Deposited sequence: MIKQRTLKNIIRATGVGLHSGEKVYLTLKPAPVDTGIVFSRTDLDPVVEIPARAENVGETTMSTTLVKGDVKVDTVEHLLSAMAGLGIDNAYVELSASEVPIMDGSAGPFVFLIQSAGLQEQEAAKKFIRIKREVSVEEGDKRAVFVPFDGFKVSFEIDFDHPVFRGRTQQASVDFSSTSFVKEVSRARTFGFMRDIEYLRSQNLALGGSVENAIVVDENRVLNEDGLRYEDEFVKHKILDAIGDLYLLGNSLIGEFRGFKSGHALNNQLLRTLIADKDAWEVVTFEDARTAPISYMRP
């Protein structure tokens, strides 16, 4: 079978909250079968755990935020993108503060830390959400769509009237998540960043963790990791948002100027329309329409 996966060892990392500027300590731990990804605020007594599920999403204005009562976990989408990309079913993610650390603004540091610790296959079948009908959400000129597809592929299109400009398609039948998507960093325009700083936000922002863009150009002296790094980052973000379903996807996702808000609207509509999806396992990994790297 395609088996469930967890971590082989615990992973400790430290970083900065993009908006808070706070140092945050991160511990990833193995978790039993059918746990999913569970975030834990270990700075609080008692600790507050929030399963990384569509139903626990609170704020989607700037990133994906999990909420339980007055307790938040901000910016889950890069770490979740890493977990999805590597096929991690089950993990406890402990944080010492309300925001996952931004690291370099990509999923690269997370896929390295996870693969350094190694994966452990577990003695249960891996559950997949299979798209069986088209599900589309629109709000104005923004669109997010799930389409049936025997595999996992993600297409995105953004539209900025801008000089440093975008569309991209990635199929996990030939594309490496790690090599082609994982390293795509977060981006922001000077205009917006100075307004957020004016609001006492993006306090952790730096060329170390974000692509900073003018009206004309990338201000980061060391440049881009990919000619299409901007749209590849939106694909990274979308994979993290889709993983809030709590299982890997058999299907296609198409985003047109989509963001965390509309992605979460797509997940809620899909979950509600039970004719549009089913939970599948594969007793024979040879006949499965997807595959993951050796553990």
| query | finding |
| --- | --- |
| Segments lacking C-alpha coordinates (deposited sequence numbering, starting at 1) | 166-169 |
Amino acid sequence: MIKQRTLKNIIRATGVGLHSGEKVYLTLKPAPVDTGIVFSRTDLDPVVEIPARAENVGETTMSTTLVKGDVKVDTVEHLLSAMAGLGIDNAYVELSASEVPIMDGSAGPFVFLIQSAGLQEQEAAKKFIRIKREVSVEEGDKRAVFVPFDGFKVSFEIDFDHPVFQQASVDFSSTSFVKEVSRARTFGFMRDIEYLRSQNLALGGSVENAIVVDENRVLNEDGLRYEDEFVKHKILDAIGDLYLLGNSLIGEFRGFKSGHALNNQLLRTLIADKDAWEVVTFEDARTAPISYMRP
From here on, numbers count along this sequence of modelled residues.
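In this text, rigid core is short for the largest set of C-alphas that superpose within 1.5 Å between two forms.
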item: Which of 222-230 and 258-266 strays further in 9 other deposited structures of this protein - Cα RMS after rigid core alignment; value: 222-230
item: Which of 75-83 and 210-218 lies farther from this form in 9 other deposited structures of this protein, as RMS of C-alpha positions after a rigid core fit; value: 210-218
item: Higher-B stretch (mean Cα B-factor, as the entry records it), 3-11 or 286-294; value: 286-294
item: Higher-B stretch (mean Cα B-factor, as the entry records it), 52-60 or 227-235; value: 52-60
item: Given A84, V73, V164, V178, the residue at which the Cα B factor reaches its maximum; value: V164
item: Most elevated Cα B-factor in the entry, residues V147, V137, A97, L219; value: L219
item: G188 CA temperature factor, ranked by third within the chain; value: highest
item: Chain thirds of CA B-factor: placement of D104; value: lowest
item: Chain thirds of CA B-factor: placement of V16; value: middle
item: Assigned third (lowest, middle, highest) for the C-alpha B factor of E123; value: highest
item: Assigned third (lowest, middle, highest) for the C-alpha B factor of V170; value: middle
